[PDB]
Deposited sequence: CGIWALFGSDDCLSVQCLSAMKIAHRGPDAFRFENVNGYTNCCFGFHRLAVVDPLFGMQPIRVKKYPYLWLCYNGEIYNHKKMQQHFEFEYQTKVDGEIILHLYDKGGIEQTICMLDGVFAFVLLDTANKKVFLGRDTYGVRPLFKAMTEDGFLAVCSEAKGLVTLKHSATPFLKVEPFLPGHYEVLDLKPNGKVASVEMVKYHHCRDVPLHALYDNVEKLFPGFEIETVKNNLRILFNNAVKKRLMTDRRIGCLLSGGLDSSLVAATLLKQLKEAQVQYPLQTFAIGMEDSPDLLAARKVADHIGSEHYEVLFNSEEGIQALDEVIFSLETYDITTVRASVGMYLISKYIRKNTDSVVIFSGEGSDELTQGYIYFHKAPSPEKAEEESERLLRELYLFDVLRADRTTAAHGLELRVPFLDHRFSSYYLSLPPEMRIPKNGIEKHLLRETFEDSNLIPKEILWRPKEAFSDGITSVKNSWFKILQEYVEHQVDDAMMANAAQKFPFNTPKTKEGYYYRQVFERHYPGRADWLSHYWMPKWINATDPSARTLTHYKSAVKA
């Protein structure tokens, strides 16, 4: 599902459609263009992931002036549909936004939606254009605004770089800040409540709350029509996500068995851990093995899709891209789960042990969560959706994450040299994951890629590098090659990334 909205375009629309047919890998089944009546300059375009209804440029009979296109999914449409007695003409849940927009405006329609979305709304009655995204950064949105009044919104930045505006030579294609709603006036030519839970912060009665929130998040994420698969990396996060996923699937009476996917190098502890978790839970495990040649040949397309030039979200996105391609090739599991967003929410990184104080620990956790739409969610989203797959994060929801971050700073920090202590303790007695893998906190792929970079980039151009790439100069020979590929693909658009990756 990919959206593309244009407003104020003056260089026709036939020559400006080539950008739209570049995010088409998000949904390869359907495709639709539209023009806002009376606003021929404005145009809409959608790509759908697979029979009759589902075309995103919604224009209902009750609200003829509301044109909404959203490339996400909201998990709380049933509750408000029953509670607010709202009738939906179509089968798409996103219409509820319209049924809320006429109710209390944009603040009420954006702040009462459980799920991940990125929506563009046009209201000709009051002549207003609204743009919206999620609290954390999933379902990416990118906007380009020329001073004259040009508006260009695309799910991925590949649909705006090729856009041509003759008014000004350069258009600034910037990522949309995650938690924000933008309201603009259409000329003729922060919001980061949606709601069992035991009050108090006692240690015994906090595990119940955490488990309830995690189970509710997983059950809410079950809302789909395609198959559900899980990426079984091997760590604690994805292991518990898969365990709870299959438990709810058995509870929900789902015919197809759960399908876990694990990408790894030959004879690695991570792959063995994934196999062990799959064997204990009892799912269908697919053990993808990747070599150096495929990972090297995928660097160009990984950089093209991820739209980044870092050294941490392009060194782990290769495996995710390969496993997504394998899933699309030899599996019908469209909807995919992932444990991403769980090792910074509860301070799971290696460098969180060297913490000057717990206050700085949760401050850094919040800072990392705010900048999650460029480091971790980007890798798990662009690579996944480049193969016609839909990502779901069972850990990064609005309620469980807020409760975890609202907890006392003393509980989140590791206490016995083992990270994620509270998460490990909460589900220890549930027997969801074997004690060998739930406990025991924590492959030669970086070295071979570095040796490839040494044979690709030279040594003299390394010293005289920080004038070819002035902003965010690369340091190592690997980041320089990533930046070179990014510049060859997207020229001069290096302002998307501000800082590479700063562990303390």
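- Residues of the deposited sequence lacking C-alpha coordinates, numbered from 1, fall in the stretches 51-53, 193-201, 205-206, 210-219, 467-477, 540-560.
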